[PDB]
Amino acid sequence: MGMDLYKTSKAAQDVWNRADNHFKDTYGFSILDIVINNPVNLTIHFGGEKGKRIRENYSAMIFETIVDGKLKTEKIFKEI
Amino acid sequence: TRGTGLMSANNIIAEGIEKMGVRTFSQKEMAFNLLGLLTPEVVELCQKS
Amino acid sequence: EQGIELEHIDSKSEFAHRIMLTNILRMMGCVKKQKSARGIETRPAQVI
């Protein structure tokens, strides 16, 4: 989807890049290797410093939830 | 270590060295070490330096 | 290689040096090339 175009319009690659490059640097996955080949499973490595940065990016998020009026600070990833 | 084909020729003085206040490992003992060198504690210690 | 002193150094050693050193290098310089491509930079390889 669109990757036919991502080869064509500078204006669109300037987008897909700026996005993936940011993910890779923040969550560790480029979609430009997702869309082209829909895999069944994606495993994330938390390697060195970047890996830690990113695993906390993954654990730094919270499933707040309206119970009791509680902005329920609830973990998004729990296996993390 | 002892039993390996690098020092087994020398296997017959191990008992002699330990007297100097030293240990000589079985390969299964030296096995415990580098396996304990994969520990998720170290693994960072190298993923840093 | 045992019993080999200096003047007895020839192929069988020049062969080993290459087993351990000049091939472990080329070994390790042959996984990165397989990582750098796929962009793996958080699951590196601990070496022993």
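- Regarding how it was determined, this PDB entry cites cryo-EM in its header, along with a resolution of 2.9 Å.

Overview of the interface of chain A and chain C
Here comes step 1: Between chain A and chain C, the residue contacts involve six residues of the former and five residues of the latter.
Here comes step 2: Between chain A and chain C lies a buried interface of about 410 Å² when both sides are counted; carbon and sulfur atoms form 54% of it.
Here comes step 3: The interface formed by chain A and chain C includes zero salt bridges.
Here comes step 4: Along the contact surface separating chain A from chain C lie four residue pairs in polar contact.
Here comes step 5: Here the side of chain A that touches chain C is composed, by residue class, of one nonpolar, four polar and one charged.

A few points about the packing of aromatic side chains
All names here are of chain A.
Here comes step 1: Scanning the entire structure with this criterion turns up six aromatic pairs over all chains.
Here comes step 2: Relative to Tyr-58, the ring of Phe-46 has its centre 6.0 Å away and its plane inclined at 45 degrees; by these criteria the two rings are tilted. Linking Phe-46 in the loop between helix 2 (10-24) and helix 3 (49-59) with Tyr-58 in helix 3, this pair joins segments that are 12 residues apart in sequence.
Here comes step 3: With a relative accessible area of 26%, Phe-46 lands in the partly exposed category.
Here comes step 4: Overall, the relative accessible area of 10% leaves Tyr-58 in the buried class.
Here comes step 5: Both rings, one in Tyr-58 and one in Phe-77, keep their centres 5.3 Å apart while their planes meet at 70 degrees; by these two values the pair is edge-to-face.

Here's the deal with a nonpolar patch on the surface
Residue and element names in this part refer to chain C.
Here comes step 1: Together, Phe-15, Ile-19, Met-20, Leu-21, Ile-24, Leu-25, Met-27, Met-28 and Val-47 line one region of the surface with nonpolar side chains, adding up to about 880 Å² of accessible area.
Here comes step 2: Tracing the backbone shows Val-47 in the segment after helix 2 (32-36).
Here comes step 3: A relative accessible area of 55% means that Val-47 is categorised as exposed.

Here's the deal with the interface of chain C and chain B
Here comes step 1: Opposite the four residues of chain C that make contact, chain B presents four residues.
Here comes step 2: The contact between chain C and chain B buries some 340 Å² in all, and 64% of this surface belongs to carbon and sulfur atoms.
Here comes step 3: Among the residues of chain C in contact with chain B, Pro-44, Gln-46 and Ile-48 of chain C are the three that bury the most area, contributing 92% of the side total.
Here comes step 4: At the boundary of chain C and chain B, one finds zero salt bridges.
Here comes step 5: Here chain C and chain B share one residue pair in polar contact between them.
Here comes step 6: For the side of chain C that touches chain B, the class distribution of residues is two nonpolar, two polar and no charged.

Points about the environment of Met-3 of chain A
All names here are of chain A.
Here comes step 1: Of note, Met-3 is situated in helix 1 (residues 3-6).
Here comes step 2: Overall, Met-3 belongs to the buried group, its relative accessible area being 11%.
Here comes step 3: Each C-alpha atom, one on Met-3 and one on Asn-57, is 28 Å from the other, the two residues being 54 residues apart in sequence.
Here comes step 4: In contact with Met-3, not counting residues within four places along its chain, are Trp-16, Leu-32, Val-35 and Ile-36.

Here's the deal with the layout of surface pockets
Here comes step 1: When its volume is computed, the largest pocket comes out at roughly 650 Å³.
Here comes step 2: For the largest pocket, the lining is made up of 23 residues, of which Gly-28 and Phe-29 of chain A together with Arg-38, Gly-39 and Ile-40 of chain C are closest to its centre.
Here comes step 3: Here the residues of the lining of the largest pocket are counted per class, giving nine nonpolar, seven polar and seven charged.

What counts as what
Residues numbered from 1 in each chain as written, not as in the entry; some residues may be left out. Chains lettered and ligands numbered in written order. Part of a larger assembly, values for the part shown. Heavy atoms only, no water. Contact = heavy atoms within 4.5 Å. Buried area = accessible area lost by both parts, 1.4 Å probe. Salt bridge = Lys/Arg side-chain N within 4 Å of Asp/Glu carboxyl O. Polar contact = N/O pair within 3.5 Å; in protein donor to acceptor, adjacent residues only side chain to side chain. Nonpolar A, V, L, I, M, F, W, Y, C, P; charged D, E, K, R; others polar. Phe/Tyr/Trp six-rings, centres within 6.5 Å; stacked < 30°, edge-to-face > 60°. Helix = DSSP H or I, 4+ residues; strand = E, 2+ residues; numbered from the N terminus. Buried < 20%, exposed > 50% of the residue type's maximum accessible area, 1.4 Å probe, protein only. Patch = residues over 30% accessible without salt bridge, like charges linked within 9 Å, V, L, I, M, F, W, Y side chains within 5 Å. Areas by Shrake-Rupley, 256 points an atom, 1.4 Å probe, with all protein chains shown as cover. 1 Å grid on protein atoms, 1.4 Å probe; cavity = no way out; pocket = protein on both sides within 12 Å on 5 of 7 lines; lining within 4 Å. Points joined across faces, edges and corners; volume = space filled by probe spheres on them.

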